[PDB]
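Chemist: Here you go, one structure.
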Amino acid sequence: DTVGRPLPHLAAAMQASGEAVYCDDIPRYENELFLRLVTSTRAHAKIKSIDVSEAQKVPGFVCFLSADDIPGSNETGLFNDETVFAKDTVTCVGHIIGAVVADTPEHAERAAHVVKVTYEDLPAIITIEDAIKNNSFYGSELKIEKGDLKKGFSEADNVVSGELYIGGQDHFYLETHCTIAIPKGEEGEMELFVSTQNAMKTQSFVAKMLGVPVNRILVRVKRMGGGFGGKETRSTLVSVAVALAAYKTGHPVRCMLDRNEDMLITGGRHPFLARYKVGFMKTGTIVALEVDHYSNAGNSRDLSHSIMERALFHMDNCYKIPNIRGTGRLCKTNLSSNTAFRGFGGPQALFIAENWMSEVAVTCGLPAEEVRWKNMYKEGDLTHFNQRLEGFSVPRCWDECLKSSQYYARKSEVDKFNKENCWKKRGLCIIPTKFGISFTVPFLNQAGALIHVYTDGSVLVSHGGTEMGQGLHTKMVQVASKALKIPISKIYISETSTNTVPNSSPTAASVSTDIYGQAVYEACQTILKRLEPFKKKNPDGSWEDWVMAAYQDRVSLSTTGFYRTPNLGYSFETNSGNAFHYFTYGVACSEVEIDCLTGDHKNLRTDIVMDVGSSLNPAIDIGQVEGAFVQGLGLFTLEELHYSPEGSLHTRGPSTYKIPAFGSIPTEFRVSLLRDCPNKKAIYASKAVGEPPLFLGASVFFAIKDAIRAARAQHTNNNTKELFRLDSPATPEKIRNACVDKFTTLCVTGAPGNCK
Amino acid sequence: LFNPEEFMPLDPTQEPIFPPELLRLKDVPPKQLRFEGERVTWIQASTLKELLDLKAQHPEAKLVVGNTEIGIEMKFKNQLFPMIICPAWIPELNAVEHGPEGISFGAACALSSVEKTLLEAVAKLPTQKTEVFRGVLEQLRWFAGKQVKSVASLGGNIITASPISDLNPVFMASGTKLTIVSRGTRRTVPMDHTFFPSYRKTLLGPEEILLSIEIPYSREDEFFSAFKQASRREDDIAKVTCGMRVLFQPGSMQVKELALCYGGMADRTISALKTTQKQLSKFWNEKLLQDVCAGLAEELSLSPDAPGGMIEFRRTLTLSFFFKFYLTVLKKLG
Amino acid sequence: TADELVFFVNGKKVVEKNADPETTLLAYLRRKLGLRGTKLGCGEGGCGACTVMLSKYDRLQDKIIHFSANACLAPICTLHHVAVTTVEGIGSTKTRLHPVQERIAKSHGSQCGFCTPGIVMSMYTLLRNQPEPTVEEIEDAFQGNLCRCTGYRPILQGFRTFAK
Ligand SMILES: Cc1cc2nc3c(=O)[nH]c(=O)nc-3n(C[C@H](O)[C@H](O)[C@H](O)COP(=O)(O)OP(=O)(O)OC[C@H]3O[C@@H](n4cnc5c(N)ncnc54)[C@H](O)[C@@H]3O)c2cc1C
Ligand SMILES: Nc1nc2c(c(=O)[nH]1)N[C@H]1C(S)=C(S)[C@@H](COP(=O)(O)O)O[C@H]1N2
Ligand SMILES: O=c1c(O)c(-c2ccc(O)c(O)c2)oc2cc(O)cc(O)c12
Ligand code: MOS
Ligand code: FES
Ligand code: FES
């Protein structure tokens, strides 16, 4: 029984030896061709001509594909508001116009470069403020409201209003998007090998584009070199193009994107702009909150609506707020369509929440931990969307993190550092999080598995989930082994495919362990029930003996399992019913030092305590907390996407987009999983871990803000209750600019200026 | 989570052997090689004479050593160079030579070789002679990774002439000497403001190659700092980086020479010449700080629409960096 | 009229009679030699997914030297008389894993695994240069390697066991 044991990722030895196969590692067929996308260089224009004359001269050129070549449908995307290939008009700089097919990827690249496009520009909308000014939205306003805002604002001693922006994020999976499409030449049949979290949609979208039934299309996924949400839907931009090239040429065709193409075309995390107003007591107690959220959705709907719903569901973080109104609008803009990114709108809204909470504590002149604690939900409280918090463990996480991080003693040392240093300052912050577990679209909360026991007693497990590094397959084998009561060495998972488990939800929402765990467990129970008579006849025999006797007695050793998450279905009309199955909780304390003269900073120490129920695998779950935290540290501090005024992405590779590096992580980096908190609601008392910890990386942002406040008390003014705006990411530029002093003001030159 | 005590021990004698056949081939006298592609012809020059003949014969020919820049140019900027010469084999372009006035590096020397050599110098020489060396090392500290530094050549950084090169500001401020050659010609020049006339250009004739770079020892009463912005948001602009040098009159705090050179503030590496010329004979104090900060604010001022944005932050850094230099110099003086 | 290019990969001689100067070592490993352990993560030298070890007899130093390099940027035409070691050159689950491979695997330093070969080769190269490195040299070895999944802690912790 390995459940609860720190079993290494089953593919880890093979990953370290370079033996693990990713999509582009698959050998090429003798006749296999290569595709390169041709993409818009304008934010918004009419396409007046595409000229392929110079590309036709490239050795190995096969064909140029565009919308005219598509046999079935050019309408694609989750809400059918995209084209496979743009026809008359482009609506963002990465917008796919066509594709070149050639005999090598070097020749595809060469020919694509030399495809010439003529445009006539149209009025573009790039920023959230552009979109608000022009009324450019998808759909109507989303809203959750509880209590009585006017009443709340009247009872408040203090009101703080403001505006806040959080920049977007590029997934930066080390493996970019990749598809191989193999046309069989009979009956429209096609087999695709794809780096995707969503084999179901891939299969559907390809079928749709080809105009053939879904049963003709087989999609297989062994593993992804990272997904992080960016392979949940945007993978189909490459898959569908490659399928078309395969259809048209009758050869196997592949495409793996260069990093620069991937960052440009495939979308990222939604930037959010928030306008907020909070009402509170001189005690720090919150009585009224109003937030209007606006996301930059880019040039199609994609998952934007669901991402905004999840943001509204998390605008409370861990805080009880009696009178609350949150709205969300999706901005329709001439940028690549933004998508799922680990957290799925949760981190943006949780960031907004911690921001006004940080200002409440400053306004009241009270310690921030005290203000957070005071305002924290209690066990059995309802959220703003009227869900009951059962098993609310943040109080426990908070206490243990304060204690183990030695927060209060370290707070003194930070004060002493700041008293002794003029041009460097330390900051320290502790922050909680809660993260709802389930898809907020009820119908996605379904999972299948298919299990075969072969006559040697070896077991083949298949489930709807895909492996992207999170160790889902590892966990599913540990589950199957415990359920069947056999060693893990008897069980194997090969890959995910649409002909073994159909209609799978994307591997997303952090719920895969939970839902495939249950489907696998149920399949295993079915097998156990069928073997029971043989076990009874031969109670001292082996697994292998029982299996062979069952085979010889013509009892089937193959079955499906299925799970459907119970009691889900939130209504915006009644503000009622469960949006989530349960919540995952955590607390992080982080300490930083900033260089007030340069804006550079150092991450000194981070302590995290995470409630992951009874972990199925503490090594994998600790890995997820650490990995998600570091992505959040990237989101809030390091990673910054930057566009020309004309809407063209400047930051398209690791030289200009900086994800955390080995040297970025906190010098002392400690993570603990909370003990003795079994979760009755999920497989073997475990909880989802994928996405919940990412927001904890904001502890670094708020430690930085604390440090800046010190810098400002030192050099900018004497107002101890000043609220300055600090947008995310807090890059060197933003940190340096916020430490207003004799250099920012130019007072050092002899000029008058706005410092002390 | 894991148990180190169960790991297989390391066995340094059991590593994959260096190919003996390769070893035998080391005796083969090096000779010029020619490779021909669909688009490009590559000549691997074995001797300096060969390189210079080749350069005279084909001045349009493109030198490649580490390809860390040319590779980017070809892949991402669609530039094609039909004729490339690789001089990495030539002994003179790899020679590391100690001299009376400084340490000379052939232009092909890998940045890791420069870094090793300078770290050695710094650990062995008196502090007062290693000021410029430590500046170079500070620029090399959080610079790429071990992979890039093992192949990127010193000469390649200089001649690429990126506005945001971290090395060219240090070489300019220290008047590092460049020996430049063609078939016939040979000239050594200290790097100064005129070496970079326009964007991505150096003051070389089409047939010249950079042979060697002598990084100077620092003298008595001479101090040096180098600083850089730890953010980069655009391909080759708007990342502030600098070399700063001051020479005093003997035993004094009276300025004899001053050089503030900056990357990321224009379309090339530049010197704050107007500003520094006015501090000559002045004393190292609060009044000099004010005056240099006023000159820097003016001379390096950026229009609101400057390429790369970050207008305020960049001005602030030019001043804040000088402030660090000012305080460091006072600490080295007093 | 073109010379033969001769180099070694994992101890084996490669004789390339028609070297195109445009060809990168990464393309050559993956698409000619079929050694796909070495990965494309960016093509611009930032990520280290393509990290290999190069070895040569340096005729000016009179010495065998070993160093790491980005295969995505190394033109094969620079590699006459050079030896390339890729992740498959050092150990395999089909034979024996190198201690570098075993420790990163067992210390939970691989999630998705796409960066793992590049990191293994950075660590291997350090150990080939300095059999007894310090903790400090170990952290320095990886300035050129990015990992999106692990947050780096477990990799350094596994590798710290190699130090002193
Ligand atoms: C990921 C990465 C990170 C980097 N980080 C930094 C950084 O932080 N700071 C910084 O300053 N730079 C940085 N660089 C740039 C790097 O230092 C240069 O690309 C490198 O030094 C160029 O040298 P090379 O030998 O690779 O040049 P190549 O690409 O081979 O050639 C560069 C240019 O110089 C010419 N050339 C080369 N040698 C000579 C010669 N001796 N005589 C005349 N012309 C010659 C070539 O024709 C070509 O135009 C980085 C590069 C990479 C890829
Ligand atoms: N190594 C790794 N961990 C990861 C990801 C990934 O791509 N790679 N994706 C994250 C995201 S976005 C989600 S939603 C969850 C999904 O997996 P689970 O449902 O099995 O947790 O994994 C998370 N952890
Ligand atoms: O990843 C997600 C996703 O795919 C969808 C979605 C919505 C409508 C569709 O038609 C569809 O195919 C998917 O909803 C979600 C809701 C969540 O709370 C969290 C998620 O992570 C997702
Ligand atoms: O729900 Mo994860 O794919 S963003
Ligand atoms: S592929 Fe990223 S450094 Fe070579
Ligand atoms: S293990 Fe996924 S990038 Fe490192």
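Each chain in the structure tokens gets a letter, A, B and so on, in the order shown; residues start at 1 in every chain, and ligands are counted from 1 in the order they appear.
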Would you give me, as a Markdown table, each residue of chain C having an atom within 9 Å of an atom of ligand 6, along with its shortest atom pair and that distance in Å to one decimal, using only C-alpha atoms and all ligand atoms and sorting by chain and residue number?
Modeler:
```
| residue | atom | partner | partner_atom_place_in_ligand_line | distance |
| --- | --- | --- | --- | --- |
| C:49 | CA | ligand 6 | 3 (S) | 8.8 |
| C:109 | CA | ligand 6 | 1 (S) | 6.9 |
| C:110 | CA | ligand 6 | 1 (S) | 4.4 |
| C:111 | CA | ligand 6 | 1 (S) | 4.1 |
| C:112 | CA | ligand 6 | 2 (Fe) | 3.8 |
| C:113 | CA | ligand 6 | 1 (S) | 4.1 |
| C:114 | CA | ligand 6 | 3 (S) | 5.3 |
| C:115 | CA | ligand 6 | 4 (Fe) | 4.4 |
| C:116 | CA | ligand 6 | 4 (Fe) | 6.0 |
| C:119 | CA | ligand 6 | 4 (Fe) | 8.6 |
| C:146 | CA | ligand 6 | 3 (S) | 6.8 |
| C:147 | CA | ligand 6 | 4 (Fe) | 3.7 |
| C:148 | CA | ligand 6 | 3 (S) | 4.3 |
| C:149 | CA | ligand 6 | 2 (Fe) | 4.3 |
| C:150 | CA | ligand 6 | 1 (S) | 5.9 |
| C:151 | CA | ligand 6 | 4 (Fe) | 8.4 |
| C:152 | CA | ligand 6 | 4 (Fe) | 8.2 |
```
Chemist: Mind dumping the selected residues with N, CA and C atoms as a CSV table (one decimal), in the first residue's frame?
Modeler:
```csv
chain,number,residue,atom,x,y,z
C,49,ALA,N,17.7,23.7,-22.2
C,49,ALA,CA,17.1,22.4,-22.4
C,49,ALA,C,18.0,21.6,-23.3
C,109,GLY,N,13.4,15.9,-8.3
C,109,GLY,CA,13.8,17.1,-9.1
C,109,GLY,C,13.4,17.1,-10.5
C,110,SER,N,12.5,16.2,-10.8
C,110,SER,CA,11.9,16.1,-12.2
C,110,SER,C,10.4,15.9,-12.1
C,111,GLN,N,9.6,16.8,-12.7
C,111,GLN,CA,8.1,16.7,-12.7
C,111,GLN,C,7.8,16.4,-14.2
C,112,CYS,N,7.6,17.4,-15.0
C,112,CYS,CA,7.4,17.1,-16.4
C,112,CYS,C,8.5,16.5,-17.1
C,113,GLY,N,9.7,16.7,-16.6
C,113,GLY,CA,11.0,16.1,-17.1
C,113,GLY,C,11.6,16.7,-18.4
C,114,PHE,N,11.0,17.7,-19.0
C,114,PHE,CA,11.6,18.3,-20.2
C,114,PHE,C,12.9,19.0,-20.0
C,115,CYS,N,13.1,19.6,-18.9
C,115,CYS,CA,14.4,20.3,-18.5
C,115,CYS,C,15.5,19.4,-17.9
C,116,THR,N,15.1,18.1,-17.6
C,116,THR,CA,15.9,17.3,-16.8
C,116,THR,C,17.2,16.9,-17.5
C,119,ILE,N,19.6,19.9,-17.4
C,119,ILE,CA,20.1,20.1,-16.1
C,119,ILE,C,21.2,19.0,-15.7
C,146,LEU,N,16.6,26.6,-17.1
C,146,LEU,CA,15.3,27.0,-16.5
C,146,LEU,C,14.4,25.7,-16.3
C,147,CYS,N,13.7,25.7,-15.1
C,147,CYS,CA,12.7,24.7,-14.9
C,147,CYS,C,11.4,25.4,-14.4
C,148,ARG,N,10.3,25.1,-15.1
C,148,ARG,CA,9.0,25.7,-14.8
C,148,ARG,C,8.2,25.0,-13.8
C,149,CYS,N,8.5,23.7,-13.5
C,149,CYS,CA,7.6,22.8,-12.7
C,149,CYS,C,8.0,22.8,-11.2
C,150,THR,N,9.4,22.7,-10.9
C,150,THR,CA,9.8,22.2,-9.6
C,150,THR,C,10.0,23.2,-8.6
C,151,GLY,N,10.2,24.4,-9.0
C,151,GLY,CA,10.7,25.5,-8.1
C,151,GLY,C,12.1,25.3,-7.6
C,152,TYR,N,12.8,24.4,-8.3
C,152,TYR,CA,14.3,24.3,-8.1
C,152,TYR,C,14.9,23.7,-6.8
```
Chemist: Around ligand 5, at most 8 Å away and counting only C-alpha atoms and all ligand atoms, which residues are there? Put them as a list in words, please.
Modeler: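 So the residues close to ligand 5 are residues 39, 40, 41, 42, 43, 44, 45, 46, 47, 48, 49, 50, 51, 70, 71, 72, 73, 144 and 145 of chain C.
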Chemist: Within 7 Å of chain A, which residues of chain B show up when using only C-alpha atoms, listed as a ChimeraX atom specification?
Modeler: /B:1,230-235,290-291,293-294,313,316-317,319-320
Chemist: When you look at residue B:22 with a cut-off of 9 Å (counting only C-alpha atoms), what residues show up, excluding the ones that are within fewer than 5 positions of it in the same chain? I need them as a compact mmCIF listing (two decimals) with N, CA and C atoms, in the first residue's frame.
Modeler:
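Written file, out_34.txt:
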```txt
# COMPACT_ATOMS: atom_id res chain seq x y z
N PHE C 7 33.41 14.72 -36.24
CA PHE C 7 33.29 14.89 -34.79
C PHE C 7 32.79 13.60 -34.16
N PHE C 8 32.74 13.58 -32.82
CA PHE C 8 32.33 12.40 -32.06
C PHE C 8 31.09 12.72 -31.24
N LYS C 13 32.26 8.02 -33.73
CA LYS C 13 32.70 8.93 -34.80
C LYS C 13 31.59 9.28 -35.76
N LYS C 56 37.39 18.60 -25.97
CA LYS C 56 38.37 18.57 -27.05
C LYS C 56 39.78 18.57 -26.50
N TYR C 57 40.74 18.21 -27.33
CA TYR C 57 42.14 18.40 -26.96
C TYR C 57 42.48 19.80 -27.41
N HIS C 81 36.73 17.86 -35.02
CA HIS C 81 37.58 17.27 -33.96
C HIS C 81 37.11 17.54 -32.51
N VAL C 82 35.81 17.72 -32.36
CA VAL C 82 35.21 17.87 -31.03
C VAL C 82 34.36 16.65 -30.65
N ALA C 83 34.35 16.28 -29.37
CA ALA C 83 33.50 15.22 -28.83
C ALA C 83 32.25 15.74 -28.06
```
Chemist: Check which residues fall inside 8 Å of ligand 4 when counting only C-alpha atoms and all ligand atoms, and print them as number ranges by chain.
Modeler: A: 197, 227-232, 340-344, 506-510, 690-691
Chemist: Tell me which protein, DNA and RNA residues are within 10 Å of residue A:299, counting only C-alpha atoms, leaving out same-chain ones fewer than 4 positions away, and put them as a VMD selection string.
Modeler: chain A and resid 43 81 to 82 90 to 92 95 126 138 267 331 to 338
Chemist: Residues up to 8 Å from ligand 1, counting only C-alpha atoms and all ligand atoms: could you list those as number ranges by chain?
Modeler: A: 654-655; B: 62-72, 87, 93, 106-108, 110-111, 139-140, 142-145, 148-149, 151-160, 162, 164-168, 180, 208-212; C: 44-47, 144
Chemist: Could you check how far atom CA of residue B:173 sits from atom CA of residue B:146, in Å to one decimal?
Modeler: 26.5 Å
Chemist: For chain A, which residues have at least one atom within 6 Å of chain C, if we go by only C-alpha atoms? Write them as an MDAnalysis selection string, please.
Modeler: chainID A and resid 12:13 15:18 25 174 225:226 259 468:469 626:627 630 654 661:662
Chemist: Return as a PyMOL selection string the full set of residues in stretch 69-281 of chain B whose backbone-based DSSP assignment is strand (DSSP E).
Modeler: chain B and resi 83-86+96-98+102-106+177-181+186-190+209-216+222-228+241-248+255-263+270-271
Chemist: Let me see if you get this right: every residue at most 10 Å from ligand 3, counting only C-alpha atoms and all ligand atoms, written as a PyMOL selection string.
Modeler: chain A and resi 77-79+197-198+200-201+229-230+232-233+302-311+313+339-346+436-445+505-511+579-580+691
Chemist: What residues in chain B have any atom no more than 6 Å from chain C when counting only C-alpha atoms, and can you write them as a list in words?
Modeler: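 So the residues of chain B near chain C are residues 2, 8, 19, 33, 34, 35, 36, 37, 42, 145 and 147 of chain B.
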Chemist: Store the residues of this selection in a file with N, CA and C atoms, as a PDB file, in the first residue's frame.
Modeler:
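Okay, part-v8.pdb is ready:
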```
ATOM      1  N   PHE B   2      13.118  11.578   0.457  1.00  0.00           N
ATOM      2  CA  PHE B   2      14.089  10.687  -0.185  1.00  0.00           C
ATOM      3  C   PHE B   2      15.241  10.362   0.773  1.00  0.00           C
ATOM      4  N   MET B   8      23.790   5.590  -5.177  1.00  0.00           N
ATOM      5  CA  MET B   8      25.049   5.077  -5.740  1.00  0.00           C
ATOM      6  C   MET B   8      26.158   6.111  -5.571  1.00  0.00           C
ATOM      7  N   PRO B  19      37.379  10.055 -26.499  1.00  0.00           N
ATOM      8  CA  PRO B  19      37.579   9.174 -27.670  1.00  0.00           C
ATOM      9  C   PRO B  19      39.045   9.063 -28.097  1.00  0.00           C
ATOM     10  N   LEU B  33      39.497  24.565 -43.742  1.00  0.00           N
ATOM     11  CA  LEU B  33      38.413  23.705 -44.210  1.00  0.00           C
ATOM     12  C   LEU B  33      37.323  24.530 -44.880  1.00  0.00           C
ATOM     13  N   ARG B  34      36.652  23.926 -45.861  1.00  0.00           N
ATOM     14  CA  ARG B  34      35.584  24.586 -46.579  1.00  0.00           C
ATOM     15  C   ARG B  34      34.341  23.707 -46.527  1.00  0.00           C
ATOM     16  N   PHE B  35      33.232  24.301 -46.086  1.00  0.00           N
ATOM     17  CA  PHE B  35      31.941  23.631 -46.035  1.00  0.00           C
ATOM     18  C   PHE B  35      30.984  24.407 -46.900  1.00  0.00           C
ATOM     19  N   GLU B  36      30.127  23.707 -47.630  1.00  0.00           N
ATOM     20  CA  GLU B  36      29.223  24.385 -48.553  1.00  0.00           C
ATOM     21  C   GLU B  36      27.792  23.938 -48.323  1.00  0.00           C
ATOM     22  N   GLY B  37      26.913  24.910 -48.128  1.00  0.00           N
ATOM     23  CA  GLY B  37      25.531  24.620 -47.823  1.00  0.00           C
ATOM     24  C   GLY B  37      24.654  25.064 -48.956  1.00  0.00           C
ATOM     25  N   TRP B  42      31.212  28.140 -45.605  1.00  0.00           N
ATOM     26  CA  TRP B  42      31.917  28.375 -44.359  1.00  0.00           C
ATOM     27  C   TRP B  42      33.369  28.036 -44.584  1.00  0.00           C
ATOM     28  N   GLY B 145      24.562  32.109 -18.771  1.00  0.00           N
ATOM     29  CA  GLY B 145      24.881  30.912 -18.001  1.00  0.00           C
ATOM     30  C   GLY B 145      26.226  30.321 -18.435  1.00  0.00           C
ATOM     31  N   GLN B 147      26.881  27.688 -20.143  1.00  0.00           N
ATOM     32  CA  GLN B 147      26.812  27.259 -21.546  1.00  0.00           C
ATOM     33  C   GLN B 147      27.160  28.382 -22.508  1.00  0.00           C
TER      34      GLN B 147
END
```
